[PDB]
């Protein structure tokens, strides 16, 4: 058995009480479903800024009534410290996902992104420290590599942030390290690489590339590739991220106070991604006969991203089970049902 299988059996036999912030969002709601499916007690915190009530309802429909009875939901804002303290009380493990993604969003409104991602994160870090939680895993970002060119991306070699959003996610790591130094508070940051899967919002001005193209192709609208299309990414199926969160939360002190890449260590260009979506969608009775529209590059885009996940494998036992193709096969049916 891999470490994830052992961890799931240990949690089921020895339940912890968890907190998932951003539980009404994409990654948060996937963590919530998995944890409740392991018979855990879970507290949730979300203000519905970008998450949806219907994500919570889907989790409710998927878990048993016994498991849903162990879920306490708090509609609240992490910018409000009283909300964070209320959410973390009596909690053993914190999985912090609440934030405002979308580098483009941060460029339009840097102030709001700073308030939520830095101010809100700091409120959660202080609340967890005071409540003496056993683990604090927070969502970091692959944007922390910035303009550093080296590929694959290794955790100890980073570059200059290139957007206000990248600043906030880098600062989460800086405050987490400082809290370890000054107060002895341990934490794990997970630098996600382009996570995708069910319940990633396809609507909105700031939708990710996979959900955005999927909705357009289902609707037969134009799909635009920003650049020449060879821009590559390490798309990470959400189930891989779920595995990383639970392993990080249950890790020993060697695996704590660390930052880990969370990806598949693979390369997929934007042209290849379009082809993958076209074939997977064809398996769901979805025709898309139009070609991609190649347009100008998007300001601030790194051209190539691939992650070295050796650190997560060695220290956490991280063995992702889904490549991009298997994740797309599982995720595409969610979008056909949701967008029908």
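Numbering follows the first chain given and starts at 1.
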Mean temperature factor over C-alpha atoms, higher-scoring stretch between 58-66 and 288-296: 288-296
Stretch exceeding the other in mean C-alpha B-factor - 108-116, 221-229: 221-229
By the entry's C-alpha temperature factors, tell me which of 92, 201, 177, 77 sits highest. 177
Scanning 158, 171, 139, 127 for peak Cα temperature factor in the entry gives 158
State the tercile, meaning the lowest, middle or highest third, of residue 301 with respect to the CA B-factors recorded for its chain. highest
Rank-wise, by C-alpha B-factor, drop residue 206 into the lowest, middle or highest third of its chain. highest
Would the CA B-factor of residue 275 place it in the lowest, middle or highest third of its chain? highest
Where does the C-alpha B-factor of residue 261 rank in its chain, lowest, middle or highest third? middle
Based on the entry's values, in what third of the chain does the Cα temperature factor of residue 83 lie: lowest, middle or highest? middle
